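Here's the structure we're looking at; comments come further down.
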Amino acid sequence: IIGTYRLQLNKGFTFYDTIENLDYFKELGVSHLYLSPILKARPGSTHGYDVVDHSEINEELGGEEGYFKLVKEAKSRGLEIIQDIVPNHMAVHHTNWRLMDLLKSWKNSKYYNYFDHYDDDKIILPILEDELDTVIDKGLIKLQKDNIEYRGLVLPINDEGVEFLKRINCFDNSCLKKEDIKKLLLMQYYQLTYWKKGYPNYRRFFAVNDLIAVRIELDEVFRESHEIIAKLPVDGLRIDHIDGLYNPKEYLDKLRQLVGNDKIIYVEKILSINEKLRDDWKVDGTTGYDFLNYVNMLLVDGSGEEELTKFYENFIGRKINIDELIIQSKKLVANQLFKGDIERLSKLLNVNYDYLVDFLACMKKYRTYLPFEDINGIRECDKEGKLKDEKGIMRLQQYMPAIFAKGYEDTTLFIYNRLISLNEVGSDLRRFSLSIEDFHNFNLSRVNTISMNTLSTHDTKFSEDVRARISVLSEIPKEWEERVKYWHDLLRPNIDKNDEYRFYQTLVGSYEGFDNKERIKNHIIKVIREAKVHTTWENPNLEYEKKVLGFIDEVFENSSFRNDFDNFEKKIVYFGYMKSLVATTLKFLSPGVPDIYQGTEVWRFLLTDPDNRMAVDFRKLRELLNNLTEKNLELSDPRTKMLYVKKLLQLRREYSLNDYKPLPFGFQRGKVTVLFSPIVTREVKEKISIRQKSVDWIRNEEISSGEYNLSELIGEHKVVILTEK
Ligand SMILES: [Mg+2]
């Protein structure tokens, strides 16, 4: 109802670690703690999306005891929970006893249909670090009476294998041959392979072999997998990857039936160019990528579009067309990561493999929702009317988001580097910037929504503050161009200029001094592997990657670069905070519910997961909150941003806001007016009329009715908030 605060739970931050910080959250002003998944995940999981037991609350977080202790402790200071749940899939680990049961007994297992496996004879688990023969030859498979172990993974032995071991009267590695181990493995209901020379014959999360989907569309599977979930004393739920479901609508109807229509439910689901959530999803919105990108585009200055475009082209010496890039990247991922699944979907749907890859690469939204959506939702890419089997399309719909996500989010976003502050999850790189009236129209359609407004998550490519700095370049492209050409002649890098160009922008976004350089180094390596041009996760080009790492060591080692960059960067950083405050105000005061990624209630520069997964120093945040004040804060002081978070969450509790009236450079909701300027490096020339005695809500300094320059109202921060009386 007022604000959500996302916490990344794990062993290093447990239910008890949360309990210690409840007074902080309360005083910050937030109403809901937005908890990461809490069912038992693999031991040591830093994130909890690799579920291994549906019927138990993760002991590494505090177990069932800690959770209810947390909840009751939290409610006792007006804090509610929105609990992240993961319906679609589980992890291949021995701690997943349901899955082990299927591996042991196959058709005799009650969990035979709980898992989305393709074939009825075997399951192929491409999880070996080497060829099976090599693994065996190295003796990396340890035998017991009734189980094998590989790299700490325990898998059971079926009846036939155990009969074999009794025949040869041998139950450890000492009393049998390598070809005996071989024979034993070949007769297991599971067949282990090298992770690169095997297609899984089961449905995954995207292309993650470790994760196998559960068949929640079957009513027994849904009941069992939501047994603990249904008992949770929580105000709300967030649904991970709902687009993976065979029938999301049916799933939401059963979830609503289960936990009642009063709970707040958000879905993780990426919306495209004009899409909205299905009317019949009894759901209160998404986690807010739509909002994020609307603000994100608004922060970008349109007048720099042509110049940034032409320089990018000139600097890499290659023109890049975005629509072809998107298309080729989806086709790249279809063939590289999902060839096995698309081969099967071709046979199921009676089409040629290429036509089907062409169709998936054509889809302009993440997926269609037959049998509820009409068949003409696939009409436009199925130009030849080949796709007709309803259930086949229903089946295909489960893979459609994986092509969009892996092709656009995890490939295109790491290649088209014109201005990477835009390369975000849920973005549309076909557009560049957005207007205030565009922003108003977006809000107008959401005036009564409680959907999340967020600018940073555990999956966003960057934190909001990283994007705010890089977007400043759009306002000063000429100066930007000068710097890059000098840096490029100064350093003489033996690498792809697209990688080099990428790096510079990343430094601009994330600069906190020329130390701690392993973060940017690891990130850039991740970037170019995602890009899939000179290297990949499956086949790292160690020779190229070393050139890239060499370049970055040279950079941090070049006094001329450091001094030049440092001086350019002072401007960026100064203007970036401004954009960040504008965005921040927009997040708390637009229609919808504002979300806070842990630690980002102050300045915080996070790159891509896993960099955005670093520990948050709550002790420090508490000390800042303790010493909070409204004068004379340096813009770059962390208390400046925290001040906004605390005062706008507070605003949310005292002033009614259900109302939205657009202004040329702001908007009104009740007795609240927001005035801002997304452009920050140039003085805004506008007259503004304050009709009535108002209060600067951050400064608590009354402003009297009258005409004003806008530049005087918004001052250094580029945003003001006015309340009446
Ligand atoms: Mg995710």
Side-chain angles (χ1 to χ4, degrees), residues 1-9 30-38 47-49 80-89 205-206 229 234-245 248 251-252 255 259 263-272 275-278 281-296 365-367 401 404-405 408-410 413 424-428 442-443 445-446 449-464 467 583-584 586-588 590-601 606 608-609 612-613 649:
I1 334 168
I2 274 133
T4 57
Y5 195 108
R6 172 77 187 207
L7 291 167
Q8 293 288 112
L9 305 172
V30 127
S31 57
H32 287 66
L33 306 188
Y34 171 20
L35 301 181
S36 61
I38 53 130
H47 55 75
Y49 293 99
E80 298 299 328
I81 299 309
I82 310 295
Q83 184 56 55
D84 199 340
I85 68 184
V86 193
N88 182 76
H89 50 262
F205 174 70
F206 289 180
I229 291 171
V234 298
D235 194 35
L237 292 174
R238 170 242 191 227
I239 318 305
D240 182 74
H241 196 53
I242 191 182
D243 274 356
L245 267 34
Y251 165 79
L252 296 167
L255 187 71
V259 304
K263 274 17 155 179
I264 296 155
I265 300 173
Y266 296 122
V267 289
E268 187 212 37
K269 184 268 179 296
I270 322 295
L271 284 157
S272 288
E275 195 179 5
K276 85 188 193 309
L277 283 195
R278 295 236 131 222
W281 291 19
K282 310 175 174 187
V283 130
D284 308 278
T286 74
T287 56
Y289 287 103
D290 47 359
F291 174 90
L292 184 154
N293 287 282
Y294 269 89
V295 185
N296 200 46
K365 62 192 178 172
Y366 271 63
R367 57 167 283 185
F404 202 127
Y408 183 85
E409 305 184 36
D410 308 354
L413 289 191
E424 195 43 278
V425 164
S427 68
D428 189 331
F442 168 73
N443 270 338
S445 78
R446 321 183 319 120
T449 194
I450 53 183
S451 187
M452 292 181 103
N453 298 338
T454 209
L455 296 156
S456 298
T457 82
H458 56 291
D459 305 320
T460 57
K461 302 306 186 204
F462 305 106
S463 74
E464 57 199 63
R467 306 192 305 268
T584 294
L586 265 37
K587 178 176 70 161
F588 288 94
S590 299
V593 169
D595 178 37
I596 300 169
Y597 189 53
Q598 57 168 24
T600 61
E601 67 272 47
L606 304 177
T608 306
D609 174 14
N612 67 13
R613 306 306 175 89
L649 279 174

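All values below come from the heavy atoms of this structure, side chains included, with hydrogens, waters and symmetry mates left out. Sequential numbering from 1 along the given sequence is applied to the chain's residues.
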query: Would you say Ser463 and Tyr597 make side-chain contact, with heavy atoms under 4.5 Å?
result: no
query: Going by heavy atoms in the side chains, are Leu35 and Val234 under 4.5 Å from each other?
result: no
query: With a 4.0 Å cut-off, would you call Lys461 and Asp410 a salt bridge?
result: yes
- request: Look up atom CG in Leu7 and atom CG in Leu33, then write down how far apart they are to the nearest 0.5 Å.
  value: 6.0 Å
- line: Scanning both residues in full, the closest heavy-atom pair of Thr286 with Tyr266 reads O-CD2, 3.8 Å
- request: Evaluate the side-chain contact (heavy atoms from CB on, under 4.5 Å) criterion for residues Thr457 and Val425: first the C-alpha distance (whole Å), next the side-chain angles of each, then the deciding distance (0.1 Å), finally the verdict.
  value: CA-CA 10 Å; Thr457 82; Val425 164; over 6 Å; no
statement: Residue set satisfying salt bridge (charged side-chain N to carboxylate O under 4.0 Å, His left out) with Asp243, at least two apart, ordered chain then number -> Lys269
message: Quick check on side chain to side chain contact (heavy atoms under 4.5 Å, CB included): which of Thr449, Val295, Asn453 does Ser590 satisfy it with?
response: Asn453
- line: Closest non-hydrogen contact found for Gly48 with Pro37 is O-CB, 3.4 Å
- line: When every non-hydrogen atom of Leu271 is compared with those of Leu277, the smallest separation belongs to CD2-N, 3.9 Å
field: Nearest-0.5 Å distance that lies between atom CG in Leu252 and atom CZ in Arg278
entry: 12.5 Å
- prompt: For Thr454 and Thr287, which heavy atoms make the closest approach, and how far apart are they?
  reply: CG2-O, 3.4 Å
query: How far apart are the closest heavy atoms of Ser272 and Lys365, and which atoms are they?
result: OG-CA, 3.4 Å
field: Exceeds 12 heavy-atom contacts within 6.0 angstrom, atom CD1 of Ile450
entry: yes
task: Indicate whether the side chain of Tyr5 and that of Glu601 have a donor and an acceptor atom separated by less than 3.5 Å.
output: yes
message: side-chain contact (heavy atoms from CB on, under 4.5 Å) for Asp240 and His89? Distances and angles first, verdict last.
response: CA-CA 10 Å; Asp240 182 74; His89 50 262; 3.6 Å; yes
- prompt: Between atom CD of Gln83 and atom CD1 of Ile38, what is the distance when rounded to the nearest 0.5 Å?
  reply: 4.5 Å
message: Pair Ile81, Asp235 - check side-chain contact (heavy atoms from CB on, under 4.5 Å), show working.
response: CA-CA 6 Å; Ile81 299 309; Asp235 194 35; 6.0 Å; no
task: Could you list the residues that satisfy side chain to side chain donor-acceptor pair (under 3.5 Å) with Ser36, not counting sequence neighbours?
output: none
message: Using side-chain heavy atoms (C-beta onward) and a distance below 4.5 Å, is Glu409 in contact with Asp459?
response: no
query: Can you say whether the rings of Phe442 and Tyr294 are parallel (under 30°), tilted (30 to 60°) or perpendicular (over 60°)?
result: parallel
task: Output yes when a side-chain donor or acceptor of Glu80 lies under 3.5 Å from a complementary backbone atom of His32, and no otherwise.
output: no
message: Among residues at least two apart in sequence or on other chains, which ones pass ring pair (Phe, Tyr, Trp, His ring centres under 6.0 Å) with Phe291?
response: none
query: Between CZ of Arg613 and CD of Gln8, what distance do you get to the nearest 0.5 Å?
result: 5.0 Å
query: Would you call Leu245 and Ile239 a side-chain contact if the rule is heavy atoms closer than 4.5 Å?
result: no
query: To the nearest 0.5 Å, how far apart are CG in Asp595 and NZ in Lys587?
result: 6.0 Å
field: Side-chain heavy-atom pair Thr4, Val593 within 4.5 angstrom cut-off
entry: yes
- prompt: Is there side-chain contact between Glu464 and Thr584, with heavy atoms separated by less than 4.5 Å?
  reply: yes
- prompt: Which atom pair, heavy atoms only, marks the closest approach of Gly285 to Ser451?
  reply: CA-OG, 3.6 Å
- prompt: Under a 4.5 Å cut-off applied to non-hydrogen side-chain atoms, are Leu455 and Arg467 in contact?
  reply: yes
field: Distance-only polar pair, side chains of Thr460 and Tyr289, donor-acceptor under 3.5 Å
entry: no
field: Face-on cation placement of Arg6 at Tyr34 ring, 6.0 Å and 45° thresholds
entry: yes
query: Rounded to the nearest 0.5 Å, how far apart are OH of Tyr49 and CG of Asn88?
result: 13.0 Å
- request: Let me see the working for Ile270 and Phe404 under side-chain contact (heavy atoms from CB on, under 4.5 Å), right down to the final yes or no.
  value: CA-CA 10 Å; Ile270 322 295; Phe404 202 127; over 6 Å; no
- prompt: So do the side chains of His458 and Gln598 get within less than 4.5 Å of each other, counting heavy atoms only?
  reply: no
